[PDB]
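A lone chain, given as structure tokens: the form solved without this ligand.
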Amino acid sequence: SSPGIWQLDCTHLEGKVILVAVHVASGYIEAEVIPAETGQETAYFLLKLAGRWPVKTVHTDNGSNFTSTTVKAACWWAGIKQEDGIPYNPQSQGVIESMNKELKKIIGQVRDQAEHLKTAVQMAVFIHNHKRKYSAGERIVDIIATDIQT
């Protein structure tokens, strides 16, 4: 069911890790800076996400997180179906790659306004989600609202 599908994405900058969740149908994202991508960090990020949006299915970003007992525990707790993130359609991976580049670009554009990387990442989340193309933020709300009325 399209409304509930999210994709995990892990990218790197300034020797740190940026963990991203993308709502596939809308392009809407949430993101956090973590010291490194562990099962525990990924599990906590998914718990936060699922408390905030109706997360039905997650395409995990790699096999370590797919295997992780802590990630599996979080998915069980929050009612998330954990799936692999293998792009059976290969245009999927190019879209994520492009987004990581887009996000890094925005981070560079705001980097001066923020002392800490985590502030710059949240500025980038804001700009990404508000960007008129409707915005991603508008699309996710419309998609989920339409789904609730069924």
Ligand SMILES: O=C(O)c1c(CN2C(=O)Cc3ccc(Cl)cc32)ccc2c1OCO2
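Numbering starts at 1 and follows the sequence shown.
The discussion below concerns the form solved in complex with this ligand, not included here.
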This ligand contact at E102 in the deposited complex, heavy atom, 4.5 Å: yes
Would you check, heavy atoms only and a 4.5 Å threshold, whether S98 touches this ligand in the deposited complex? yes
Examine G27 and determine whether its closest non-hydrogen atom to this ligand in the deposited complex is within 4.5 angstroms. yes
Residues of stretch 48 to 66 in contact with this ligand in the deposited complex (4.5 Å, non-hydrogen atom): none
